[PDB]
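Trainee:
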Amino acid sequence: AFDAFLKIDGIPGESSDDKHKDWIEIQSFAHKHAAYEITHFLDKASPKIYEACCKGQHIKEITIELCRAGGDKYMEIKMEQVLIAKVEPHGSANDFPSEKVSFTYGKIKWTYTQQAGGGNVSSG
Amino acid sequence: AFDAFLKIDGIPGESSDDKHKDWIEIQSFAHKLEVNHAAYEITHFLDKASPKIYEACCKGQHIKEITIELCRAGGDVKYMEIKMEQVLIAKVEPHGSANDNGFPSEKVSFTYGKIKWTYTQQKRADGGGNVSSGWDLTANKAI
Amino acid sequence: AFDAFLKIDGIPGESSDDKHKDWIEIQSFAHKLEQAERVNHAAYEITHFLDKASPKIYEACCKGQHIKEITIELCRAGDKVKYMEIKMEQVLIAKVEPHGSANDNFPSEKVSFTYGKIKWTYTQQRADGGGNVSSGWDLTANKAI
Amino acid sequence: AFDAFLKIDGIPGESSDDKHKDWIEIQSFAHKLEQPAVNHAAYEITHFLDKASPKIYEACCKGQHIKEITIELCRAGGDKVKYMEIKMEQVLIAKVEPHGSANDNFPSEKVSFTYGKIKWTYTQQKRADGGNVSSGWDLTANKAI
Amino acid sequence: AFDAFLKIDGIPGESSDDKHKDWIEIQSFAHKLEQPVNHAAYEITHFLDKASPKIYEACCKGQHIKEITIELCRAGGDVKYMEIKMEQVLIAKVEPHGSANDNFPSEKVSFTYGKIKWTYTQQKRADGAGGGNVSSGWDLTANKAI
Amino acid sequence: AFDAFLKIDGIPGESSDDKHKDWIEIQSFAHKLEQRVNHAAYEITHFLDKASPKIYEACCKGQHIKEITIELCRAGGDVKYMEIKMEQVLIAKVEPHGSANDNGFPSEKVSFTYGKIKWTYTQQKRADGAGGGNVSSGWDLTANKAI
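Chains as they are written, first to last, in our numbering: chain A, 1 to 124; chain B, 1001 to 1143; chain X, 2001 to 2145; chain C, 3001 to 3145; chain Z, 4001 to 4146; chain F, 5001 to 5147.
Printed below as a string of structure tokens:
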């Protein structure tokens, strides 16, 4: 299972999942110290994502979670003092069109939940 | 993919779609922002608009506004409208190859001055609304 | 999977097409028109199999032979459904690059064309319309045709 | 693929191998030895985000001097048969870099190690028809081991 | 694909083709010429063969070679369709490449010239062999035609 | 895919081949003689083997090595047809690389800075013996002239 979810504070989403309502569904996540990028389909959050990026709106917090279908969370990435740096909508054949949005920050926190036989291992 | 259509104010197309007669049929679109805004790139199979599109770029014709509409399948189900104003055809790159095994296409880029986005939601098995935003790139302060 | 054709004023080819007499059959084409200083018109790249025209095309580039006129046509496979005619004047072969590989099923060359005048002519064909929508540019005179 | 494992003394890992309990799993490595005009590069590995991940992010951002790190490349052959042993002393975790591409199934990262001493303990097989040829280099004194 | 063969003035090959004894068989060629006349290096790829060691020498030794000719053949007959004759030759760069996955290893060698001549032969049709020998040429030395 | 082998004088290998015992089996070779010729280096890639650890010493050692000879083989016997003897060599750059995904048995890319070289082809006849003799050539870049 992949089951990844992103909550952007300012912008609400369109996911209707069990653990993450009005979140945004993310089909790709990537990192680098520089920026954190994701890919998602064109949906509810996209127009308000552009505003923040162009506004260079100091954005407080963004969080990502990676759960599994079995017992519908194994990883949590938390980043503050965020700023959407760049978003790009593509679309050609097969694809639903998608866009890759990239976030910059001055602080970060990451949290793996190892099975608990390991409890919660975190970093920042 | 989807089912997308484009209206250039100055330059009409030749599609026979119902909701969009003589719009331009578009098979690829791409954009990127930062603000270091870029250009909305659209690709269309060589249509009747091509000759005038070429000249409009060369004439630097200020196109007042263009509208791109992406609709879903099982209907046209419009779900996003990109209305860009103060536009200008910047780079038109017509291409065509035998290995393409498709129609001679052509990518046209557009330097805009104002932009708008409009996500139309669906329902809730019974939902949602028209979430929007825009920039005034000519006064780098939102709408 | 298309049907494309090119004619060079001084250099003929070996097409067997009835309407295209002995023109040059092209297997790929490309162009780019960028941009308040001016507009960035690029070269018309045309790939075609090494043919009877190849030797003369080579010399023309090296000599800097200023050709008068060249034309491109695009037809569909009911055949002869011409849909696009590209005519350029005050032309000059800038670059020509032959290649081969003993793998791809025939060795071909790609010829680039710099011109001084251009003309596009789309023709549309269902109820038994559009005619010939057309355009050009006089880029020696920085004004349109 | 292979069966590779890594031990840093200060920070423990979470692997379950028979031969390597609570180690670090390494999915790629890379190193380079260049003789210009001698010059030593720095050691790369990949491992998943796990229990061991945070204590390096300290040594990266903090710069923690560590005693010894060791890599064991093992063959399959049922019981893992270690065929290469890399031992490095006077270590310092250099730049830490996390990457993840959402089609290699959870985030990953590339850690680079600097050292003052290296070791290579190659172990060969012989079936029924084997050897421990090794070497080392202490770059603190730029000499052999 | 195609069936191409290259004979340079001196170094012979190990090819056993009927039409070209001890020639060089070539699997790929490439050339470019651009009026700013800027010419480029004629390039070929061929396997490592009888010619191979004497090729590496003329490059470092700088040995001036009078003439090289290449012929391009279709399959089903080696009806020829192109003759490249180039005079005043010299090996510029040679690169023997060989891998396991990527085949028989090969070497891509690069040529400069002072004169060049092209000779296309048209397929015998019912109208005739046609252009027979359509040609053109250029003496880079005299920066003029041939 | 060929049958390639390398003889390093100092560092032994682990080939199980009958013609080249405890040699270096080679998976890829590369070279580039340009032109005032701009000579390069001989690159070859192979699996990590019994040669691997003593290769790192020879690189770091600045270790001047006298001779390496490498062979290329056909089938119909394991029949050598190219002998490349590089003289006054030196391991300039060696890069062990592992990746798992496409790295079954990791490999290393070792480059060799030679001072002299000697190519030696051996054409094989399709009759009694190996007609073709031993066409050969060579060069010495220390004194920047031929062999």
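Think of the CB as a built atom: it goes at the ideal place given N, C-alpha and C, for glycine as much as any other residue.
Under 9 Å between C-beta atoms, does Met3084(C) make it to chain F?
Mentor: yes
Trainee: Could you check whether the region 4033-4053 of chain Z touches the region 3118-3131 of chain C, counting it as contact only if at least three pairs of C-beta atoms, one from each stretch, sit closer than 8 Å?
Mentor: no
Trainee: Since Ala5058(F) and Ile5091(F) should fall inside the 8 Å C-beta cutoff, what is the C-beta to C-beta distance between them, to a whole number of angstroms?
Mentor: 5 Å
Trainee: Checking contacts by CB at 9 Å: is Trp23(A) closer than that to chain C?
Mentor: no
Trainee: What would DSSP say about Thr1138(B), mapped onto helix, strand or coil?
Mentor: Helix.
Trainee: Pop quiz: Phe1045(B) and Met1084(B) are said to be a contact at Cβ under 8 Å. What is the actual Cβ separation, rounded to whole angstroms?
Mentor: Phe1045(B) to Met1084(B), Cβ: 22 Å. No contact.
Trainee: Write down every uninterrupted run of the beta strand (DSSP E) in the region 2032-2087 of chain X whose length is 3 residues or greater and which is fully enclosed by it, in chain order.
Mentor: 2044-2049 and 2066-2076
Trainee: What is the DSSP secondary structure of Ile49(A), reduced to helix, strand or coil?
Mentor: DSSP, read as helix, strand or coil, puts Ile49(A) in helix.
Trainee: Who are the near neighbours of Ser4052(Z) in its chain, counting only those whose CB is closer than 8 Å to its CB and skipping five residues on each side?
Mentor: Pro4096 and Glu4107
Trainee: Starting from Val82(A), follow the beta strand (DSSP E) in both directions and report where the run begins and ends.
Mentor: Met75 to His90
Trainee: Does the beta carbon of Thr2121(X) come closer than 9 Å to any beta carbon on chain B?
Mentor: yes
Trainee: Under 9 Å, Cβ to Cβ, is there at least one residue of chain X near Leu1046(B)?
Mentor: yes
Trainee: Could you check where the beta strand (DSSP E) with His40(A) kicks off and where it finishes?
Mentor: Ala35 to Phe41
Trainee: Would you identify the three-state DSSP class for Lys19(A), choosing helix, strand or coil?
Mentor: Here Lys19(A) sits in coil by DSSP.
Trainee: So, do the region 4068-4086 of chain Z and the region 5006-5023 of chain F have three or more beta carbon pairs nearer to each other than 8 Å?
Mentor: no
Trainee: If we cut at 9 Å on Cβ distances, does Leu5033(F) have a partner in chain Z?
Mentor: The Cβ of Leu5033(F) sits closer than 9 Å to at least one Cβ of chain Z.
Trainee: Note the first and the last residue of the continuous beta strand (DSSP E) segment covering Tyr4120(Z).
Mentor: For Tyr4120(Z), the enclosing beta strand (DSSP E) stretches over residues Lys4115 to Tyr4120.
Trainee: Just how far apart, CA to CA, sit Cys3061(C) and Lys4050(Z)?
Mentor: 60 Å
Trainee: How should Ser3135(C) be labelled, buried or exposed, when 16 other C-beta atoms within 10 angstroms of its C-beta is the threshold for buried?
Mentor: buried
Trainee: Indicate whether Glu5043(F) and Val5089(F) have their beta-carbon atoms separated by less than 9 Å.
Mentor: Inclusion of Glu5043(F) and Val5089(F) in the CB contact set at 9 Å is not warranted, their separation being larger than that value.
Trainee: Using C-beta distances below 7 Å, list every residue in its chain close to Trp3137(C), excluding the 5 sequence neighbours before and after it, in chain order.
Mentor: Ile3118, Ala3144 and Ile3145
Trainee: Should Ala69(A) go down as buried or exposed, given a rule of 16 or more other Cβ atoms within 10 Å for buried?
Mentor: exposed
Trainee: On the three-pair Cβ rule with 8 Å, is the region 82-89 of chain A touching the region 47-65 of chain A?
Mentor: yes
Trainee: According to the Cβ coordinates, are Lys5032(F) and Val4094(Z) closer than 9 Å?
Mentor: yes
Trainee: Out of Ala2030(X), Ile2024(X), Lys2019(X) and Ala2141(X), which has the shortest C-alpha to C-alpha gap to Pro2012(X)?
Mentor: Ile2024(X)
Trainee: Helix, strand or coil, according to DSSP, for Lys4093(Z) in the structure here?
Mentor: strand
Trainee: Among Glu2069(X), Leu2074(X), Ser2016(X) and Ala2036(X), which residue has its Cα nearest to the Cα of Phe2029(X)?
Mentor: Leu2074(X)
Trainee: To the nearest angstrom, report how far apart residue 5148(F) and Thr5069(F) are at their CA atoms.
Mentor: The structure shown has nothing for residue 5148(F), since chain F only spans 5001 to 5147.
Trainee: State the DSSP-derived secondary structure class of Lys55(A), mapped to helix, strand or coil.
Mentor: helix
Trainee: Using a Cβ-Cβ cutoff of less than 6 Å, which residues in the same chain neighbour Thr3046(C) once the five nearest sequence positions on both sides are dropped?
Mentor: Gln3027, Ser3028, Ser3108 and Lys3110
Trainee: Beta-carbon separation of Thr63(A) and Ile49(A) under 9 Å?
Mentor: In this structure, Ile49(A) does not lie closer than 9 Å to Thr63(A) by Cβ.
Trainee: Excluding the five sequence neighbours on either side, which residues of its own chain have a C-beta within less than 6 Å of the C-beta of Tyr1112(B), listed in chain order?
Mentor: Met1084 and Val1087
Trainee: Between which two residues does the beta strand (DSSP E) carrying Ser2015(X) extend?
Mentor: No beta strand (DSSP E) holds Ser2015(X); DSSP gives it neither H nor E.
Trainee: Using the rule of at least 16 other Cβ atoms within 10 Å of the residue's Cβ for burial, across every protein chain shown, is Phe2106(X) buried or exposed?
Mentor: Exposed is the call here.
Trainee: Give me the subset of the region 5082-5101 of chain F whose CB atoms are less than 9 Å from a CB atom of chain C, sorted by chain position.
Mentor: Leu5090, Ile5091, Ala5092, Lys5093, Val5094, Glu5095, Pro5096, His5097, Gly5098, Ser5099, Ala5100 and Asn5101
Trainee: Specify, as a first and last residue, the run of the beta strand (DSSP E) that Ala1004(B) falls within.
Mentor: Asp1003 to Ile1008
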